[PDB]
Each structure stands twice: as structure tokens, then as C-alpha cells.
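Report on one structure; see the data block that follows.
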């Protein structure tokens, strides 16, 4: 960025139940106010600008939108440029227009704004926006320099049978009963240092009983799993959940992974936990002595 | 008294055939002649092999064909002494020679490459006749700070004059204007260069074109400069979008933008209108005597954006002239010497400001109101004035005469033509009046041979000896016979493709008269023929009729050209040319290389008998000692 | 998979977009007629939707060199996609590529299901299992822009691919362009 | 029974003409393998047109398609001849 500033506020309006307000704020980092400049906006799948608003703007001075773009039916307007006669070097020049979702969808991609002066395009800045995603930023998982995609689902009527099934698929490669030592967290990616209490089915990871293994998850999954320390756990996943090289290996908290809170010795004495502690127990023997039916 | 004359090109060339004209004037029976070239000074006998006889059959006119080798021989011109011996008599002359082998042209597949994209290139190699020859060539690839980053050495022997080549552009490297240079291993000094830009780019999906309604701006034009902006995809289709336009003034290489002239217009249905107003243009400098702005130029940069925001394109029309008159006037295609009494054919050249030939424009001279003549499609106007037999310099001044232009808006120019300075001031002249249009090979041109002298020695003159220069070599040398009492004789000149792009004609006669004085009267004329390939080449469509082809589809290509010729193909996404259209190969670019290499430096004639000869690329040495000013300068007279 | 539309199973994209080609050499050895040898050439056009400019030079020792005029050939389509990738992205920065959908049909709007194919080497709303499509409407004689936001995940040479099909017609395009990924 | 109506006859001719091709489609699709990508890219879209067209029992779609597929079949032959 640096040549331009860009603050894109995507807020809901007061007073449908979906419609909101997009606000765009730009300033030029220089001595004079920039000359003619471009705002290259795009709508979030499902939205498109309120027209009555867009006109308002174009009537404005310092600003203009081409007839060509006005005439189209709001529905047909999923990108759109707003030309500017200037952008102040001094303070932020801002504006906004109500957008409306007319279309019902799951997984709504983020819109984005872009700015620059007509003369030079490589000196642009480019801010995303989105209702849930914090910064209009997709969900990734990056340690140091290596990133991998995490826009999938968190992990996801349980019978010893439903487990002797899902737990023999191709992906499954590690099946563990592990106790959780350290519960760390960060603004980006929280981790977990769980030590392995019994290697139920060994994987491409040469890990002896007792050793500690480091799992990770996106900061957006705090709700999916109630985290407790010294709480024992049953879990399995794939060997594609492996992070970086050996033997400093890690585990990735994904969709293809399964998570269930393994009760405690004297907690299973309860008369509602029994339906579990038993299924579990059996599962243990059924995976150690026999293995997978296939 | 017999007289032998030797006529050669002003400047010879290595490893190529040259020709020189042997003549026996007023002699009897067969005359055997031996011709020899020696290095200068001294003796190396570089070429003696050739012998010939001037039979009374062929009116004593000789053919010289020879090829000077390139033996182990600077900054100082090397010469040679030619020696022609008729019977026992021995005439000779000391001419200039050049190491200049011929030409070189380079072709690159694109005009512009990205780091890591290979550049294909061909070196076409030819002699001064533009015929494919085979020598050894060196080829450098300079980076944009001039430093050779690669060279090879290649021979064009048995390659029909075409050297394929490539170079893999490294991944990291300076962007900027790279250059490919090549010279004949014989002559390093005559280097040849073509450029190519290395940049980072994606191709654009349309082209943008800026255009002033006029090819110039008139300072008193209240409307300012009007400009129409035009955008259309590469697949031919009209563009919608908005476009930012802005102007400036150029002085020399110096460039001032008029920040205030910035305008944002809509590009609708592939087009848009926009204007610089006289006010901005003047304010934009400092607001002074508009006259001041005369001579400078304007420019416009436009930048279109599709309404989709996907793709941008810049483009700029540069150096639009600020002028007080629309037309310019040039005498550089008109000779600078006339014959008093004889009609003088004026070749006025009328260019638009930019430089382009202006069609159908009227012109006439100072004196006479009735004389007018337009400008044929070549920006040329043929006007002829009958001159007075006065030994006074003849100053002519021409002036445009277009209706709808004010007499201040019209453009003029003046030249000065001197009379032909005869021998002993005898008043003997020769004029070649040639009908002047667009000559084309096949068409037949008439050369009026007009004799100007006292009937006293009129019966004496029996024949005209004529010659043809072309690409700076002899293309033909013949005789035109005459009978006493005749002042006009007409020469049927067949015009073949071997005449392109322009040929010179020098006719001369010789006689004894007045008081036992050996004389030479002559005349030289330039005639620019219609420029175009010497053979032909065309690439039209295969399927006589059809709808547009489709991505990946088979299409038949048709190539109509000379039998046995070699064609070398390349097809280029025209999107490239929207990033860079410079440095392409053109045939017009080649004709331009060939003319600037002319050894003849004048449109027509000579100050004296001996000038006509040195003005066209020629020397005349006779037994009687009437030789031409030796030539020892490689280039023409520094302008 | 039985609708009034073409299937991604059956869309074969365009991918071969040279900037120059046909750097070939042909010889007019044919039987001269009226002095003019004629060769017929069988060439296969490349996938790009643009105008090709073919330039020929001829060299003959009898008649010399000859820059043939340029000769234009326009490859086009009534509907197609323009995948406008920039020169280079930086691994792990989020951008937004645009798929521009052109409809040059005379007089009728087009309904397309356009789709950014999944690439493990990129972080897109497109997964091994779930695809990423919208269903959109282009007026006639114009362009619809289609945002796809992504995140490049591995350096070196990566590949974005879009497919679209029009309903009720059986027209389809698909482009496969590649862009430079560079580390920070 | 007797004879079919106008529509009835034409409609059933087209269809069988059409089918007649779809039959030996697969053979074709398979010859594209050797051929330049345009052939494959083409035939696949032409194939579907047919099969939907055929099942749609509508004259237009059916003939229109009848022809699409005819062409490309011919552009295959022409192709494989310049190769032995």
C-alpha cells in the first residue's frame, strides 16, 4: 500500500434482515491531493448496491459514475467503478452506500475495494470486506513461511458401529487416546501439546507411548471444541494432517479429523456417561486385537 | 582525332560486380582494349583478367564486368587506380572504394519480451543489389547499458541469405531497451541494429488510438486541439469504458505537461471526443505572444479503462506540430541547375506538417498567375518554366494556393538555380525533358533528348550516350542515335522491376568545334519510381469464403510468391503491438536503407559537364584528359 | 447432469496462448503460373481469442528480399471467458482475480453457471468436494465481471482455471492460464 | 394399425437419424485422442447436445443437434486422412 490508505467498513444497518452499509475511506500519502483516481469495488456474492444511493453519489462533485453503470438493473451490478476527481493527502475521504443481498447462499465470498490514481496502477491498495471473516481475509494456517488452506469445516447418534466404520476409511492413519498438557493460544493460530497415552493405530509418525505431539487449529474454532487440560481424548484423522517435516511433526485440526471428549476413571461411574465409556472400551479392543474389517 | 572515354561509379565496392563503360569516339575499325585495377599506390594487379574489343558493329561501346577481391590490405580512405588500354593508348583514373559489403536486416518475433521469454531473430544478409549473398556475420546482444551479453559468429553460405537464431532471456535482468547488433566480418564499422524492449506485462485485450482531427494545430484556431479517442478489442469489437486524456508541449526532446488539460470522458460505442482548449494551452505555459509557441509540438496521452475494471490501456499520439501554415514546401527533389533558354521542370515537394506527402494541393511560382499544378499522390508537383538565355542566377519562389486559406496561412519557400556552365562558354547545351508521373515497371518512359547549339556543329553530333544508375551501380548504358537538323530525339525506356526504387539517367555527347576544342556536353535526371517488392509476396486466406475460424481450428493459408523463393513466417498476437509497435520490419524500411546509400547526391544535372558526372555516382576520364573531379569522400556533401 | 447445459466433465478449456508462433519456413517450389508460385499451407490456430498478424519475408537470389504486407486473421467466439491474471503474485497474499465473461450474441441475455476449479495450490472457496459456482446473467452485447478471491499457496508456477456454460444453448468455454508465484 | 401422421413421421425419422449417430459416437470420441485438442473439446459438447436433444423429442433441438454432430464427425475424417 503506502501510496494509498484503505479502510473498508462493512456494517449492518439499523431499523430484509440482511441488508447493510459499505463504507470506503481513502487518503493519499503525499504532499498534494491525488488527481483523478479509481475506486474498483466488487460485491459479496449475493449483494449489489442500492441504486437510489449510487445516483446520489454521482450527482456529487469530485465524484462521478458512468451512465453506463447507473442504467443497469441493480441486480446486474456485481462490480462497479467509482471515479474520483481527487483524494485528499490530508484527511480520509469517505463515503458509503447501502447494499442489499437479493440472493440466498451459503459460503458468501468476500467483496473487495481497490484504489489508485489513473496515471499509475502498480501503486494501488486493495482492501477486502466480509460480514463474518474479520478482515475479508480467508481462513489460512501459516507457521513461519509455510501456509495451507483452512476454509474448510471444523471437525465433524454415535455407536461402536459408527466408529468401526468412519474410523477405517482411507484417510485414517492415526488413532489416539491422548491427554492434553499445554493449552496455548495466539491471535492467529492456537495450538495444543497433547501427549499420547496409547498408540491405538500407529501412522507414518514413529511415536512411542508417552511422547508429546503438537496439534493446531484456527482461532475461529474456539466453539467447536471445549478445551480442558488433563482432559483425556479420543481422536483420529489422516496422514495429510501432518505439518512440516519429521521428527518435529505436528497435527492439523481439520474436517477429516474427529474429536470426542474421553471421560475420566471416576466420571464414568455416572449413569449417563455409560453409553460412551462402554462404546469406547470395546472400540479399543476391537481396533487392537482385530483391526479394520477391510 | 580519336578519343577514348572511361566511365565508372564514383565509389567501388568489394566482393561485388561493378561495370564501366568503354567508348571509342571517332576511331576506325576494331579496337582491342585491356583493363586492369591496381591497389593504390604501387602495384598489386588486383584485376587484369578482362579483355574486350569495340567493334564498329556496336558503335564502339564497351562492357566492363569485374570483381575486386578483399586481400590483406585505417581511418583513411583506401583507393584504387583503374587502367584501360585501348590498343596502345592508356587512360586511367583514381577512384574511392568502400569496405561496405552490403546490408543487414534483423527481425524479432515480437517487439517486446518478458524476462524468461525467448527472443527469435533472423538476420537477412544481402549485397548492394538487395540480392541474397553469403558472407560471415557477427551478432551481438547488448543489454540496455550497452554491454554485449552474447555474441555468435555465423556464415550465410548456402543458407539463401537467412540466418535463424534465438536467445533465451534470463529470469532476472534489466528491463529496458535491448539491442541486437550485427556487421559483416569484412567491415566492422558498418554495424546494423534492431531493438527490443524487455518488460513485465500481461497482454492487453484491446487497442487504443488517439487522433487529432488535424495533423497539426493552428495557433489562431480558437477551437483548440480536438481529439477523438478510439478503443476496440483485438477480436474486432467496439469497447465501452471511461478514458482519461491529458496533453503537453514538446520542445526538442524537452516535455512539459499541461496538468490542467486533464479530462475524463466516457468512451461510448468504441469512441470518445475530447479537447485541449487554446486557453489551457496558453495559461499552461505562461501566456505570451502565441507566435512564440510556433515550432513546438503537442502530445496526448489517453488511458482507457473497461467498465469491468479488468484491463487498462495507455496510448499516446506524440509531436503534433504547432504551425502557422498547414503545408510545408521542399525543393530537395528539384535540381539546383538549369539551362538558360530551356524549360526547367520543377519538382516541388509538399508535405503536411508531420512529414507526410499532401495530395491535390495547388502550387505556382512568384511571377505568373496563370500557371498552376496540383500534387499527385506522391506529394509531388510538376511545374515547368521557360527560362531566359541570361547568364544570371535564376531565383524561384513557390507558394501554396489553396482556396479557403488566407494568404498568410499559405506556405512558401525559395531556392536558387545556377545556369549550366559550358566549355569555353560556347553556349552548347543538352536537356532531358521527361514526362513525370508515377513510373511503374512495365510502363514505358519517354526521354526527350533536346539539343541546344548553333547549327554550325549540329550535323556533327551523331549520337547520345546514356547511362542508368540504380542502387548505386550501373544498370544499363546505351546509345541514342541522332540525325542532323534534329534537336529532339525520343528514347523508349522500358521500365522493369530492376529500376526500383529510383534510377538515375545521365546522357552525354562529345564533339570538336569552335576552335579545335574537344568538348563534352551532358545532363543528369532523377526519377523516383513506385516503391514495392521487386518480385512479390502475398499471404491471403485459403478458404475463399468462410466465417471466422475458432480457437484451435484448422485454417488454410495461401502464399503467392516468386518461384523458388524462400518464405519465412511468423504470426503475432496483435495485443503485443499495443504494448510496443516499434522496430518492426517493413519493406519500406528497406527501400529507405537503399536510398540513403545512394552515391548520387543531386536530383539532377551538373554545374559543368564534369559535375553532372560526379553528382550522379560517376566518373568520366577521357584520353583528351577531360576527367571529372576525383571523388575522395565516402558520404555525400555534409548537408 | 441432465439439465439444459454442458457439464464440467465435458468442458475442454483453452490453454495454448503463444504471443508469437508459426516461426516456420516454406519454399515456393510449386509450378509457377503467370510467374507466381503458389503454396497452400495447413496451419492450426492457437487457442487465444484475438487477432493474429502474420508477417512473411521472401528471399530469392533472382529477385531478392520482400517484406510481404501484414495479413490479419481474427479468431473469435460469440461467448467466451477472459481470465485476466496479473504478471505475478506473492505466496500467501490475498488477491482477487477477475473472470470476464463476454456475450457477443445479437439479441438475448445469457444465463451462465461459471466455476473456479479447485486447486490445492491455492486457497479458494473451492474444495476437493465442494465446487465454487455462481449462476449469472449477462446482457447481450456486453461483459459480466466475475470476482474470484484467492490466496497463492506455493511458489513457482501455479494455475488458475475457470469454466462456464450457457443454459439452453450448448455453448461452453474454459480457460487455463498460469501466473508466477513468488515468495516474500 | 395404419399409418402415422405428418408430425409423427418426420419426428420419428429425425430421431432415428439422430440416434443413428449417437450410436457410433463413442467410436468417434475415441479417435479424437490422437487429434489436436480442438477435436476433443468440440466433440464432447456436440455429444451432449445430441443426447439431450434426442431425449427431448423436440424437432429443432434434434435436427440442429443432428447437424452439429454430423459436422464434427466429418471434421474428424478429414483430420485422420492427412495422417494415413
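What to note about this one:
- Residues that are within 14 Å of chain B (Cβ to nearest Cβ) and part of a loop (DSSP other than H, G, I, E, B), drawn from region C:156-172: C:171
- Yes/no for residue A:80 being closer than 22 Å to residue C:136 by Cβ and assigned by CATH to the domain that holds residue A:33: yes
- Leading residue by the ranking (nearest to residue C:149 (Cα to Cα)) among those in region A:143-182 that are in a strand (DSSP E or B) and within 14 Å of chain C (Cβ to nearest Cβ): A:149
- The set of residues in region C:1-21 that are buried (at least 16 other Cβ atoms within 10 Å of the Cβ), more than 18 Å from the chain's Cα centre (by Cα) and more than 8 Å from chain D (Cβ to nearest Cβ) contains only C:5.
- Residues being within 25 Å of residue A:131 (Cβ to Cβ) and either away from chain B (no Cβ under 13 Å) or out of contact with any strand residue (DSSP E or B) (no Cβ under 7 Å at 6 or more places or on another chain) (or both) - total across region A:43-72: 14
- Of all residues in region B:234-249, those that are in a strand (DSSP E or B) and either out of contact with any strand residue (DSSP E or B) (no Cβ under 8 Å at 6 or more places or on another chain) or closer than 18 Å to residue B:284 by Cα (or both) total 5.
- Listed by position, the strands (runs of 3 or more DSSP E) enclosed by region B:133-233 that each have at least 1 residues that are more than 28 Å from the chain's Cα centre (by Cα) and under 30 Å from residue C:48 (Cα atoms) are B:176-184, B:187-198, B:206-212, B:225-233.
- Checking each residue in region B:293-344 for being under 28 Å from the mean Cα position of the chain (by Cα), farther than 30 Å from residue B:282 by Cβ and surrounded by fewer than 18 Cβ atoms within 10 Å (Cβ to Cβ) picks out B:330, B:332, B:333, B:336, B:343.
- With respect to the stated conditions, residue C:56 fails to be assigned by CATH to the domain that holds residue C:173 and assigned to a strand (DSSP E or B).
- Summed over region C:137-155, residues that are part of a loop (DSSP other than H, G, I, E, B) and either touching a helix residue (DSSP H, G or I) at 6+ places or on another chain (Cβ under 8 Å) or outside the structural domain of residue C:82 (by CATH) (or both) total 1.
- Residue in region C:93-104 that is outside the structural domain of residue C:22 (by CATH), within 25 Å of residue B:551 (Cβ to Cβ) and not in a strand (DSSP E or B) present: yes
- When restricted to residues that are under 24 Å from residue A:264 (Cβ atoms), surrounded by 15 or more Cβ atoms within 10 Å (Cβ to Cβ) and over 22 Å from the mean Cα position of the chain (by Cα), region A:196-234 contains 11.
- Of everything in region C:132-158 that is loosely packed, with under 15 Cβ neighbours inside 10 Å and over 27 Å from residue A:74 (Cβ atoms), the residue that is farthest from the chain's Cα centre (by Cα) is C:156.
- Summed over region B:499-531, residues that are touching a helix residue (DSSP H, G or I) at 6+ places or on another chain (Cβ under 6 Å) and more than 15 Å from residue B:429 (Cα to Cα) total 3.
- Enumeration of residues in region A:10-42 that are within 14 Å of chain B (Cβ to nearest Cβ) and in a strand (DSSP E or B): A:34, A:37, A:38, A:39, A:40, A:41, A:42
- Only one entry in B:85, B:125 is in a strand (DSSP E or B), within 11 Å of chain C (Cβ to nearest Cβ) and in contact with a strand residue (DSSP E or B) (Cβ under 7 Å, 6 or more places away or on another chain), namely B:125.
- Region B:540-565 - residue that is surrounded by 21 or more Cβ atoms within 10 Å (Cβ to Cβ) and more than 14 Å from chain D (Cβ to nearest Cβ) and, of those, farthest from residue C:64 (Cα to Cα): B:557
- Only one of the numbered conditions (1) surrounded by fewer than 18 Cβ atoms within 10 Å (Cβ to Cβ); (2) in contact with a strand residue (DSSP E or B) (Cβ under 7 Å, 6 or more places away or on another chain); (3) not in a strand (DSSP E or B) is violated by residue B:94, and that is (3).
- Any hit, region B:283-294, residues being touching a strand residue (DSSP E or B) at 6+ places or on another chain (Cβ under 8 Å) and within 14 Å of another protein chain (Cβ to nearest Cβ): no
- Taken over region B:575-597, the criterion of being within 20 Å of residue B:190 (Cα to Cα), more than 14 Å from the chain's Cα centre (by Cα) and at the interface with another protein chain (Cβ under 10 Å from one of its Cβ atoms) is satisfied by B:585 alone.
Basis: the model, the stated rules and, where named, an outside source; none is laboratory data. So basically every Cβ, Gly included, is an ideal-geometry build from the backbone, and we count neighbours across all protein chains shown.
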